[PDB]
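Notes for the one structure printed next.
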Amino acid sequence: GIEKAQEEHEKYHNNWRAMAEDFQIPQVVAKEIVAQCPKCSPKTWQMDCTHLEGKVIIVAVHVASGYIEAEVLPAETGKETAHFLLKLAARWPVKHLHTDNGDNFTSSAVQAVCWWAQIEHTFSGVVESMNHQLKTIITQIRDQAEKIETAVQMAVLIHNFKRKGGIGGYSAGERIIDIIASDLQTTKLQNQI
Amino acid sequence: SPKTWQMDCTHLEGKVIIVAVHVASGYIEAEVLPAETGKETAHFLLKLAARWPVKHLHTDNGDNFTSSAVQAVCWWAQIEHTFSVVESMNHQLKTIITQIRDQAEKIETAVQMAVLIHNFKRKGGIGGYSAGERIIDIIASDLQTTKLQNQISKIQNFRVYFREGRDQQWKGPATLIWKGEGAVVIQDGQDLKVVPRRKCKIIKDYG
Amino acid sequence: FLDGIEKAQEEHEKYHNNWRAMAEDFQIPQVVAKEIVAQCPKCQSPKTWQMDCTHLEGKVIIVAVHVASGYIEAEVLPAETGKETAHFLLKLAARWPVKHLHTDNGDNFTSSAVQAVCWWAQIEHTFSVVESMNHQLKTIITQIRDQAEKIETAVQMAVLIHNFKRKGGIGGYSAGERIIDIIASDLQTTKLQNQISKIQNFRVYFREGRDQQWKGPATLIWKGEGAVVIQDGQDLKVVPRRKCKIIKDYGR
Amino acid sequence: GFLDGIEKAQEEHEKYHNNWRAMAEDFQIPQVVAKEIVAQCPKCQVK
Ligand SMILES: [Zn+2]
Ligand SMILES: [Zn+2]
Ligand SMILES: [Zn+2]
């Protein structure tokens, strides 16, 4: 167990999550094994903003499943970005936020929202891919809706519940539900044992 | 039923707040509409159906809930609509809004903070769970049942080429049943048999 | 059966699903679902590699990367001529299916030996990901350098740790699982396309109910044990086998 | 081999528009390739 993980980290330098998965060890042991080497998550959310038809679309992505959430904005200020992040934190458990060097992602309202919701904001291949896929769905079903926001929300529905691709053969909504349920059971067993 | 949702609207400080409740868990989503026309109710329903799996919806006999836009949204998203819990959740959300009113200037930030408080900071019930853990566990268990019945046929769509004893030719494509660590169970000509692992080849055989 | 085909066409008209999902959901054969996708107007690479050279400790390291999965093959060269680059490209093309090679405008890549290798192995060469792969490989090489005596051992140990020990992406897969899943899905597509062309070289005269005459020549899509699916008048329909005649067609 | 027979039968059908049994007996090619030569001509028909 612990000696086998020490042999694996000695040879190949695995991280603590991969050792805790493949060897079934409590995570404090794997964290201590990784912290003892001198040579060296189910709630990571990335965000971005893009433009289409002169409008501003803001896209958040859950990384462990590919789960999307999009919104249409009349302005690119900090208050509407803070409202988007506050609604996302009120809907899903958000813990570790990842963004880029933008003008709205460094703001007082966004900082107040992150402080109130206890989110760790970090700055910088997945978000560009999800924006590209969402744009292809938008151009695929554009002529079924009059306004742009109806086409955006229909693209979000088709992306989350109608595209069963990838390796496992699962859509994004079933993936994120199974991932957070399994993580919750693992935290319950680690608290009980 | 694990996919039943109820919707209503209410008034607070001269505004119109629309509230949707997942019934089997007590899960709350809410928004602030500028009016009570059918377009805003249909847009709220479209965002809700794009976020969570909605299959069966219950409402009252309202003026925006009985509308052509809401009927078009339900036709496109395949929801079963029925007209006549939400009043109790409105009561709870109003009390939480009066609890933390002084931390926010506008009504909208107070609404979203009250939604987060009710969903993730109010633990009770039997097991000691909040509403979000209940709704996640409910939809996960239902998905596991239906996907079990499909996954068995998916695993039986493989083909196995095996070898018996003291014959050096590879026998024909039996069907896989279970793959172990040292043995493989196959069905061959309506005969279930067990072969060692080093005498088998499991293909999908596109052809 | 026909209810499954009608539900599949209405669901594709709403949401534009792919053919694997429609075949697994509505319980129809794959050639029928692929025809439903191929009849839509709005619905109409796994073999591309990139190459580069770099320097480390006075050596020359040549790196090839599969683009759609992130899969690395690397080697240490004694020089930087065109003959050694041609030998590396011939070994790579002999081990993995390479159809499209992307490089930069270096000297050793613009050479007669590399041109002869691309002519013999039928590769499309194009001059202009690998920078990120060189940086990632160099960080792993510095992370495990004290376990090896020579630079060649450290290079191959870093390639093994990159390909099989690092997990990331959507589902937490390594690069080897991703490249194998991608190439296997492409193989399934090409085998089904061969079956589709061989079936579609036929023709069907069918007789409807309450009539004695044969209708126009409809194209056969799927020929089962008791039923027959045909395309006629931009409409897919299921006829029983006792009211059909299938003949060969010569309309090249 | 009958590969030169395939090329010669294509030249002969481009001149005189033979049928397929005539080309299969004259040029000693199998029947499938002779039927394909008649099938690729837009003016003729295999019958
Ligand atoms: Zn280490
Ligand atoms: Zn389509
Ligand atoms: Zn002719």
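Scoring A:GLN144 on the criteria (1) touching a strand residue (DSSP E or B) at 6+ places or on another chain (Cβ under 9 Å); (2) at the interface with another protein chain (Cβ under 10 Å from one of its Cβ atoms); (3) not hydroxyl-bearing (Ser, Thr, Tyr) leaves a single failure, condition (1).
Taking every residue in segment D:31-47 that is under 17 Å from C:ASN201 (Cβ atoms) and away from ligand 2 (no atom under 16 Å from the Cβ) and pairing it with any residue that is outside any helix (DSSP H, G or I) and not hydrophobic (A, V, I, L, M, F, W, C), at least 6 positions away or on another chain, the pairs with Cβ-Cβ distances below 6 Å are D:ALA39/C:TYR250; D:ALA39/C:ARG252; D:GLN40/C:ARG252; D:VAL46/C:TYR250. Is it the case that some residue within segment A:95-108 is surrounded by fewer than 21 Cβ atoms within 10 Å (Cβ to Cβ), within 14 Å of chain B (Cβ to nearest Cβ) and touching a helix residue (DSSP H, G or I) at 6+ places or on another chain (Cβ under 8 Å)? There is no residue in segment A:95-108 that is surrounded by fewer than 21 Cβ atoms within 10 Å (Cβ to Cβ), within 14 Å of chain B (Cβ to nearest Cβ) and touching a helix residue (DSSP H, G or I) at 6+ places or on another chain (Cβ under 8 Å). Screening C:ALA38 on (1) among the small types (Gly, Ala, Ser); (2) more than 13 Å from every other protein chain (Cβ to nearest Cβ); (3) within 23 Å of A:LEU134 (Cα to Cα); (4) in contact with a helix residue (DSSP H, G or I) (Cβ under 6 Å, 6 or more places away or on another chain) shows it passes everything except condition (4).
Out of D:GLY5, D:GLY1, I need the residue that is farther than 15 Å from C:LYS248 by Cα, away from every other protein chain (no Cβ under 14 Å), more than 10 Å from ligand 3 (Cβ to nearest atom) and buried (at least 17 other Cβ atoms within 10 Å of the Cβ). Which one?
Numbers: D:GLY1 fails: buried (at least 17 other Cβ atoms within 10 Å of the Cβ).
Just one listed residue meets the conditions, D:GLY5.
Checking the structure you have, find out if any residue of segment A:75-86 is within 16 Å of ligand 1 (Cβ to nearest atom) and small (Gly, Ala, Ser). Looking through segment A:75-86, none of the residues is within 16 Å of ligand 1 (Cβ to nearest atom) and small (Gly, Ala, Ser).
One residue stands out among those in segment B:45-85 that are in a helix (DSSP H, G or I) and aromatic (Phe, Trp, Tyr): the one that is nearest to the other protein chains (Cβ to nearest Cβ), which is B:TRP76.
Can you spot a residue in segment B:125-145 that is outside any loop (DSSP other than H, G, I, E, B) and over 20 Å from B:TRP52 (Cβ atoms)?
no
Would you say C:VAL239 is touching a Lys or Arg at 6+ places or on another chain (Cβ under 7 Å), away from chain D (no Cβ under 14 Å) and outside any helix (DSSP H, G or I)? When the stated conditions are applied, C:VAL239 does not pass them.
So which of A:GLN190, A:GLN185, A:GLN153 is of a type in the set (S, T, N, Q), farther than 24 Å from C:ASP186 by Cα and buried (at least 18 other Cβ atoms within 10 Å of the Cβ)?
On the way: A:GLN190 fails: buried (at least 18 other Cβ atoms within 10 Å of the Cβ); A:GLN185 fails: buried (at least 18 other Cβ atoms within 10 Å of the Cβ).
Only one candidate passes the filter, namely A:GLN153.
In the set (1) of a type in the set (D, E, K, R); (2) over 10 Å from the mean Cα position of the chain (by Cα); (3) over 15 Å from C:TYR250 (Cβ atoms), the condition left unmet by D:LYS43 is number (3).
Each reported figure results from applying straightforward, stated rules to the coordinates on display, with no laboratory input. Here the Cβ is made from the backbone with ideal geometry for all residues, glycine too, and neighbour counts use every protein chain on show.
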